[PDB]
Protein chains: 2
Amino acid sequence: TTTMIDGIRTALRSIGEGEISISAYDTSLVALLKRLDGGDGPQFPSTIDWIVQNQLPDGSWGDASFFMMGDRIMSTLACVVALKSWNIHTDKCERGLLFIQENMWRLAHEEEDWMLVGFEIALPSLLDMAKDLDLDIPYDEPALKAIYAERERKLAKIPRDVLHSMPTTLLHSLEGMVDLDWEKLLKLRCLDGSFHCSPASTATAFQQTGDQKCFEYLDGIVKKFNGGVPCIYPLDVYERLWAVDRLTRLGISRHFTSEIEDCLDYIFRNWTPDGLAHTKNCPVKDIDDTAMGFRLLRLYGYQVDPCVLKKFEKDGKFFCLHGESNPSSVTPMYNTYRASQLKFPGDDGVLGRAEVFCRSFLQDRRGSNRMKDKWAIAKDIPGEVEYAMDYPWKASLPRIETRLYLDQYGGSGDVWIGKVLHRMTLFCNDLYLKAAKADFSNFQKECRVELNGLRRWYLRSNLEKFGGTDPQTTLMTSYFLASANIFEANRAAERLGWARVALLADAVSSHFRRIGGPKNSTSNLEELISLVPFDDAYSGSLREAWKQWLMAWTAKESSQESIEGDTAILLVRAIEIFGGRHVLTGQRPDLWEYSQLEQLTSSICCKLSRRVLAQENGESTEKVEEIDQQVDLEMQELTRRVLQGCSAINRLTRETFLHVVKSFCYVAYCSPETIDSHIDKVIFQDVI
Amino acid sequence: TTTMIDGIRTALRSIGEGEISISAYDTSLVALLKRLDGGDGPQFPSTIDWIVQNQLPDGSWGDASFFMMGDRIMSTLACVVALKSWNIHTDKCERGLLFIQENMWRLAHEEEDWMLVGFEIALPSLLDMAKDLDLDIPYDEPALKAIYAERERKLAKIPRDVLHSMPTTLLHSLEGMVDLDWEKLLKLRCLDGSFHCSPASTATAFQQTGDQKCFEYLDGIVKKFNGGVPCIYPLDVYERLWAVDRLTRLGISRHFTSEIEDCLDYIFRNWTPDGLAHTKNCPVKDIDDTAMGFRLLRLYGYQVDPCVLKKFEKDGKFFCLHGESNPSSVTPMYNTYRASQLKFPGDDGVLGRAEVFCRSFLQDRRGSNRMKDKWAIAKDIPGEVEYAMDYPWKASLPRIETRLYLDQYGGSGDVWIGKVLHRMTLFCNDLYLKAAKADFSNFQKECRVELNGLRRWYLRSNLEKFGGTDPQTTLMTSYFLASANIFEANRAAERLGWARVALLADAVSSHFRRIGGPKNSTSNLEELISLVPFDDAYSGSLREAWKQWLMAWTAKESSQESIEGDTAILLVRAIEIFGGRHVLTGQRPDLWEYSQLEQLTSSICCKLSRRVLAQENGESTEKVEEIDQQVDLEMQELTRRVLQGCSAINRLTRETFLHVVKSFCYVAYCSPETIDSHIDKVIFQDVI
């Protein structure tokens, strides 16, 4: 119903600097800082109160929806050391210490990459702080020795001055780091004095330098939460992109266009010639957010250039980090290859290079269980990434994608890896499922009835007097092609018109093939168009377009012409007439653009038709590859012409062309045994 | 040009109580009244000044555009007696007296009915007042004895108490009357104390009774003229009707609709259940103004009832005066018979009785020179009244009437008879000629070019492959029928559409007759409609109506049906489509009215078609009279349905039906030898 939509809208108008689950680990360090003015106790007890409030039934601390030793142990350690250092509420320390001691051994049995960032860097400092309290603690553990060895390895791996000159990710986790400067390192924080926007690093920093820039930041965050802090703040750009991405993939973006373009122009104003980070001011930038923003901004008529990607290339390779070549995960390259589809022909080839590198890197590991990310856990990655690597941009239909994603969006059941298991709900909410699924279900139920309506219409016209193989399957497929490009209820007019004239042209093409052609013509077929229920105004235009199509049928005879582009042009003209829209006065650029679009469509149709023709003759595949490249070029070109926010022509008028061409390419790029499958899944196979 | 139109409009918004030429005769009597407060001189010298200003080159007084002894003599008499009674400016009396004396004899040679009202009644009192001055005056004249004898005759003809009880016209001219009461006669003046709204009677009355009601009236009129008074005042209703009558007959009423309906509702508010007079308050009412107002009010959607005419009927006769049966003139009965056309069937038969009585009274005297009125002189009455008695309401076309009237409207060259030769210019102006003629001329020049346009179109279509006798004359007549019902430039769309589909239907009817009928059908004629240049929206509706007409052609075969009403219904539908108008939601009354109109049209067409059919077979004329009555009844009925100001349907939508039916009746009620005549006169024969 609507209430979900309205709540989501109002919550979406209220985009703050961030919405993430409040962490406890960092709060514990916040408690460790005393009162500034030589006070008697800690700086802020609100954190303390928050801590006492949320003692687990097993005394632990952390998200209950999951169970992770490496994180529970650190949360418990930080809490117990904080409260007992300040020597208060010792009973809770006792309550948790039993679980601590009895769980001390489970750590040796963890997963491969489920290893928190600097996890082996804080834990040493953790037990160090502990040995001042020095309770009963089995410090004796080979796991401790292993992480110690890795500590020494990475310590021998890191420089001193490059570390003191070049701002790197290590500044995110510097508290477990020692043996440092405070002036050469002083300037390597963010615009707000935060080091990598992480509160723990800055808190430990202020512990050794009273720069008010850190105090004001922390005070603001603790004064905006009143007990509790996250592990990273803020995440404006991150959530901004990641919400609109869902709302596009969830097929509900039809309603929130205003707020959508609001966050869009925000990102645009904050766009850099160098890349993007989770926040506006973080100097170090990564590739994944950059690519995602690139894709989304292009997809809405914003002029950007992709040579910014020339920073994440590594001399014939690509690595998500700028300066670090570590084995990347699936998601960054996934979004990269995705954004690598909408290439405009006037752009540098870095996009193509990244595309081929990415597809190579992905297709191999696809067959195995390599879909495990190092920094997030979702419901089902493999299916999504597989379909993506399967159905290119030119063969993508919106409804089938949203249907597939309806079982691949996890909602709340996800977690995000950081220094602690955190989760965001602003865009990982679950009411999104209710809204989208209700919408899709009613949409299905509407398509179901209009289907039978069209069925009885088609039977009334006795069109099978010159039918095909069987009218049922083909009429189903035809109406499906229309329904898949337009799902809004208020356009069933254009929907049914499309389907009807499609069936018509099919019938007459069949009849013409069966008799040989227009030399064997006998009947007045320019009246056959009347079989469509006509309005008062929509009559004459259609008959004119129909006679035009017939004249084309005449002229295309005796030659080696194809007969497809004619049909596509007829289709777009008719869809427009049914949409009841005109063009304006027609300054020369306007009709120039129009004719350009039409010529592109006709050419593409002829080309891929001939390709299919050769495909059926067992032709040598190299020819198929040649023709595929050929259609690809003008495909890209047409897309660029449709996606220009500077166009003088209307928008819907543009996307119509896309609808038709995508329909044709799709139906020309799959066996029916998949088409019917998709058909039943989207129509008859019901949700909820 | 426009300036004439704007001046006429602004002058028309300024309708005063009256606009008539200022008389001098009555002013002379006004001068005769002394100062009220025992003053030293006359009451108002402004009249005197006015008099001295306008001494004629022959010393006389009166309109110079005409020369009438009976009036010049009285004006001169009144002036000389006034000025010399007050013994001032005697030289002017001498200057005029020579012409007076030398003209004293011409009076014996006047016209039959060119005899002013009470002319023989004031002249005796005139010479009576003179014999006090008693200058050289040949009182000896047999003409004086004749008018004296008639004085005595009428004095023996008039009663005393009926004259003292019943307000009659004699109260208009009572100054030459003596031997009277002043109380029984006191109440027989108008609402304003004026006796018959004439200033002379009231002035002589105040001379013998100082009723302020007369003083204020006269003061107002002399204070609103500052020297000079008319012979009758005011004339609000008179001019109100007589201006809009012209503006309707002059074919320019298209522009002044606001002010038109303003004066209309004025007359309506002042409408009585008893009749009308020249002014609002005159108790005695006459028939001519009543009938004229009746006609004009009905012609604009105002509900009135005609039993008010039962007052002017004289036991099987009609006489313009209520109570006096004197030999009437042409004009009153003329307007009466005119108003007697738009009879609604639900009305009493007094209209029909008056119609037959009037036509009988008129047709006889038509052949002679009986078109002389007793109270006005115009340019050419006979032609106008003849055409009126020739072309009934059902056979009246607006353009031919306005063209004929363009040579029958005299403009300023007219005079109006009263106690003195007076003239009004508010509605007898001459700039009306400039405006109307310029309009008509440009209209002609537009029709001339669109004619050649349609000619070349008709030739382009090769329609003569199944032509008629000769395309030229018939296509001319067809386009003429359209142009004669619509002359506004902005409707050439509907004009040309009408003409084109008329030619079409003619062609196909011819082809069908020539082959025998739809059994011998061979070609797809429901495509023949495409030969008309179609717009984007106006296409489908026309093809639908065309196929409807064809289906009618099919069904009407093998029967004794006619094939005309179908054509008329097709015509109105097509004219409407070209006009680009719809009906509203269609509450039941709406479509009820619609269907009613359509059924009426079809029936009338069939009936008069069959009548013409019998007419060509030398059928017995009584059958023709029977069928004529038959069409007449439903003709009246249809007219009543069109002329209801209470209709829920639009106006133009209504008058369209009238246009078509009037076209059909007209073309069915005249030899072509008159049609072509009218055609050349209206199109090629140019004005100015």
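Residues numbered from 1 in each chain as written, not as in the entry; some residues may be left out. Chains lettered and ligands numbered in written order. Part of a larger assembly, values for the part shown. Heavy atoms only, no water.

- For this deposition, the record names cryo-EM as the technique by which the model was determined and cites 3.5 Å as its resolution.

### Some thoughts on helix α11 (residues 236-249) of chain A
Residue and element names in this part refer to chain A.
Okay, so step 1: Look at α11: 20 Å from first C-alpha to last across 14 residues, which is about the 20 Å you get at 1.5 Å a residue.
Okay, so step 2: Among the 14 residues of α11, 13 are classified as buried, and the element is accordingly described as predominantly covered.
Okay, so step 3: Among the residues trailing α11, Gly251 stands out with phi positive, at a value near 65°. (Helix = DSSP H or I, 4+ residues; strand = E, 2+ residues; numbered from the N terminus. Expected span 1.5 Å × (residues − 1). Buried < 20%, exposed > 50% of the residue type's maximum accessible area, 1.4 Å probe, protein only.)

### Observations regarding the UniProt feature "binding site: Mg(2+)" in chain A
All names here are of chain A.
Okay, so step 1: In the numbering adopted here, UniProt assigns the feature "binding site: Mg(2+)" to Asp286 and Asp288.
Okay, so step 2: Engagement of the side chain of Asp286 in a polar contact is seen with the backbone nitrogen of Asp288, the distance being 3.0 Å.
Okay, so step 3: Along the chain, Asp288 falls in helix α13 (residues 287-298).
Okay, so step 4: With sequence-adjacent residues up to four places away left out, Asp288 is seen in contact with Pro332 and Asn335. (UniProt positions renumbered as here; feature names shortened; annotations may be inferred. Polar contact = N/O pair within 3.5 Å; in protein donor to acceptor, adjacent residues only side chain to side chain. Contact = heavy atoms within 4.5 Å.)

### Examining the relation of the copies chain A and chain B
Okay, so step 1: Least-squares fitting of chain A to chain B yields an RMSD of 0.0 Å, with the transformation described by 0.1 Å of translation along the axis and a rotation of 179°. Put plainly, the chains are arranged around a two-fold axis. When C-alpha positions in chain A are compared against the rotation axis, the closest is assigned to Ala537(A), at 2.2 Å. (Least-squares fit on C-alpha atoms.)

### Let's talk about the UniProt feature "binding site: substrate" in chain A
Residue and element names in this part refer to chain A.
Okay, so step 1: When the UniProt feature table is mapped onto this chain, "binding site: substrate" is found at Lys154 and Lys374.
Okay, so step 2: With respect to the secondary-structure elements, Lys154 resides in helix α7 (residues 142-157).
Okay, so step 3: Here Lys154 falls in the partly exposed class, since its relative accessible area comes to 26%.
Okay, so step 4: Aside from chain neighbours lying at most four places away, what touches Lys154 is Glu120 and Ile121.
Okay, so step 5: By the secondary structure assignment, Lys374 is in the loop between α15 (350-366) and β3 (376-377).
Okay, so step 6: Not counting chain neighbours up to four residues away, the residues in contact with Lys374 comprise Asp113, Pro327, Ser328, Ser329 and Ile417.

### Some details on the nonpolar core
Okay, so step 1: Residues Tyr238(A), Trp242(A), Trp416(A), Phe427(A), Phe480(A), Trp546(A) and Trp549(A) are the most contacted members of the largest nonpolar core, which totals 91 residues.
Okay, so step 2: Sequence-distant contacts of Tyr238(A), that is, excluding residues within four places in its chain, are made with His278(A), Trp416(A), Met424(A) and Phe427(A).
Okay, so step 3: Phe256(B), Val420(B), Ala545(B) and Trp546(B) belong to the second largest nonpolar core, which has 90 residues in total. (Core = buried A, V, L, I, M, F, W, Y, C linked by side-chain atoms within 4.5 Å.)

### Focus: the packing of aromatic side chains
Okay, so step 1: This model, assessed by the stated rule, comprises 30 aromatic pairs over all chains.
Okay, so step 2: Measuring from centroid to centroid gives 5.6 Å for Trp242(B) and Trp416(B), while their planes differ by 90°, and the two rings are edge-to-face. Placement of the pair is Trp242(B) in helix α11 (residues 236-249) and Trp416(B) in strand β4 (residues 415-416), with a sequence separation of 174 residues. The same class applies to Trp242(B) as to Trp416(B), namely buried.
Okay, so step 3: Each ring, one from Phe268(B) and one from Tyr302(B), has its centre 5.4 Å from the other, and the planes form 50°; the classification is tilted. Note that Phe268(B) is positioned in helix α12 (residues 257-269) and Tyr302(B) in the loop between α13 (287-298) and β1 (313-314), a separation of 34 residues in sequence.
Okay, so step 4: On the basis of relative accessibility, which here comes to 36%, the residue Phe268(B) falls in the partly exposed class.
Okay, so step 5: Every member of this aromatic cluster is reached through a ring pair, and the members are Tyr238(A), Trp242(A), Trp416(A) and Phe427(A).
Okay, so step 6: Its end group placed over the ring of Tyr139(A), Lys131(A) keeps NZ or CZ at 5.7 Å from the ring centre.
Okay, so step 7: Its guanidinium or amino end placed over the ring of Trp393(B), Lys662(B) lies 4.4 Å from that ring's centre, counting from NZ or CZ. (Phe/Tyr/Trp six-rings, centres within 6.5 Å; stacked < 30°, edge-to-face > 60°. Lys NZ or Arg CZ within 6 Å of the ring centre and 35° of its normal.)

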